[PDB]
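# Please find the sequence and an experimentally derived structure below.
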Amino acid sequence: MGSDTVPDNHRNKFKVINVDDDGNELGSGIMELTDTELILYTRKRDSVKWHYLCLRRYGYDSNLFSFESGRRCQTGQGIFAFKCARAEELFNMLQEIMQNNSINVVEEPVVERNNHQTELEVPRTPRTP
Amino acid sequence: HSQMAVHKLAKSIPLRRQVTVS
């Protein structure tokens, strides 16, 4: 345990289901977002733990934990799909965990208006039909 | 594979958001 005035109330995981390509659920693991690690408990033995920001692009759909990490190890390279009810917690948290370490979370949808970027077209010219 | 849980998708999914964390 450790005798140095160290509390235990600091565990935030999420029972996420490990789904395959199709998405018919495989088993069920505990997604953990420690102070510096995405430890995805599974089979009470295998721990798919990344370095948090070691990912590449992470998303979620209502109650679906989606996270993709570049080539490294554990399971391999590719996108990951998970089914949980605390999808919000995990995401929301992560989004915060990133701001704490200035981590990269290039967010695309941010409700725009009219058009921020510009494409090659102007100036225009009359064709004269 | 090392067993693990997090399966592989190798294909995007109908997500509601879009935050690509490098």
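Sure thing, it's come through. Residues are numbered from 1 along each chain as shown, chains lettered A, B, ... in the order given.

# At the contact with chain A, which residues of chain B appear?
Residues of chain B found near chain A (CB under 8 Å from any CB of the partner chain) are B:1-22. For every residue, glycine as well, the C-beta is placed using N, CA and C.

# Selecting buried members of those residues in ChimeraX, what would you type?
The buried subset of the residues of chain B next to chain A, as determined by 16 or more other CB atoms under 10 Å in any protein chain shown, is captured in ChimeraX by this line:
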select /B:4,5,6,7,8,9,13,15,19,21
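
# and the residues of chain B next to chain A, which of them are in strands?
Taking DSSP state E, the ones among the residues of chain B next to chain A that sit in strands are B:19-20.

# list the buried ones in stretch A:26-37?
Neighbour counts over stretch A:26-37 (16+ other CB under 10 Å) mark A:28-33 as buried.

# Ends of that stretch, what's the gap?
With CA to CA, to the nearest Å as the measure, stretch A:26-37 spans 23 Å from end to end.

# Which residues does it contact?
Defining contact as CB atoms under 8 Å, 6 or more residues apart in numbering or on different chains, one finds that stretch A:26-37 is touched by A:10-20, A:38-43, A:48-52, A:65, A:82, A:84, A:90, A:93-94, A:97, B:5-7.

# picking that back up, if we only consider the buried residues of stretch A:26-37, which is nearest to chain B?
Using CB to the nearest CB, residue A:29 comes nearest to chain B of the buried residues of stretch A:26-37, at 3.8 Å.

# What ranges does chain A have for its strands?
Along chain A, the stretches classed as strands by DSSP E are A:13-19, A:29-33, A:38-42, A:46-50, A:55-60, A:64-69, A:78-83, A:106-107.

# from those, which stretch is densest packed?
Most buried of these, by mean neighbour count (mean count of other CB atoms under 10 Å in any protein chain shown): strand A:64-69, with a mean of 24.

# what's the angle from it to strand A:78-83?
160 degrees (axes from the mean of the first three to the mean of the last three CA atoms, to 10 degrees).

# Report whether strand A:64-69 contacts chain B.
Yes: using CB under 8 Å from any CB, strand A:64-69 comes into contact with chain B via A:64, A:66, A:68.

# need the contact list for the residue of chain A found nearest chain B.
Closest contact between chain A and chain B, by CB to the nearest CB, is at residue A:42 (3.0 Å). Shown in contact with residue A:42 (CB under 8 Å, 6+ apart): A:18, A:27-30, A:48, B:3-6.
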